[PDB]
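Only one chain is included here, represented as structure tokens and corresponding to the form deposited in one PDB entry.
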């Protein structure tokens, strides 16, 4: 039995994909206990595991839902005219739309500049749940945690960079550090504060 052909895969939302096909096996219809029932298979495109996730439908289009944002997926289709099935169709591919991140960057470290005081080299790692291409890294730092979250010192890092230099930091002073990730579809949540205390003047010698 000829498997369905003309399989399309259209990204709808950051979780939904519309697959559509056509069946050239069209007889004198419509009857009755042998209605052509299609099955839509799908999994993560080109991956390590991916045990598929099928679903039945009698129409010529199914919409996969609950997919992961910013993810390519494999889509194949079969047809079953009881009691005679077909092989799987040619796989179509689609990548779900992006979405605002749902996590904060990890490995947020603050290293003192060498051998310049007053300056540090912040480093970090992109968030696991980016849900898109990171376009900017908004960084915050201040010398008092009692003040609101917004009125710190906001600095916008390039987004393709994981290291930023902050300068003119008072000596013998405790600083706080928070960082969030940003993409095309919005900005993620801030990380948990990470305290760093600058050195004293009489400690730089020597």
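Residue numbers count along the first chain shown, from 1.
- Just going by the entry, 126-134 versus 78-86 on mean CA temperature factor gives the higher value to 78-86.
- Between 27-35 and 135-143, the higher mean Cα B-factor belongs to 27-35.
- Looking only at 167, 181, 149, 64, the residue with the top Cα B factor in the deposited structure is 149.
- Among all modelled residues in its chain, residue 60 ranks in the middle third by Cα B-factor.
- Ranked within its chain, residue 45 lands in the middle third, by CA B factor from the PDB record.
- The deposited CA B-factor of residue 7 belongs to the lowest third of values across its chain.
- The PDB entry assigns residue 14 a C-alpha temperature factor belonging to the lowest third of its chain's modelled residues.
- Among the modelled residues of the chain, residue 120 sits in the middle third by CA temperature factor in this PDB entry.
Keep in mind that the form solved in complex with a partner chain is not shown, yet the notes after this line are about it.
- Shown alone here, residue 126 lies farther than 4.5 Å from the partner chain in the deposited complex, counting heavy atoms only.
- Proximity of residue 51 to the partner chain in the deposited complex falls outside the 4.5 Å heavy atom cutoff.
- Interface membership of residue 171, defined by any non-hydrogen atom within 4.5 Å of the partner chain in the deposited complex, is confirmed.
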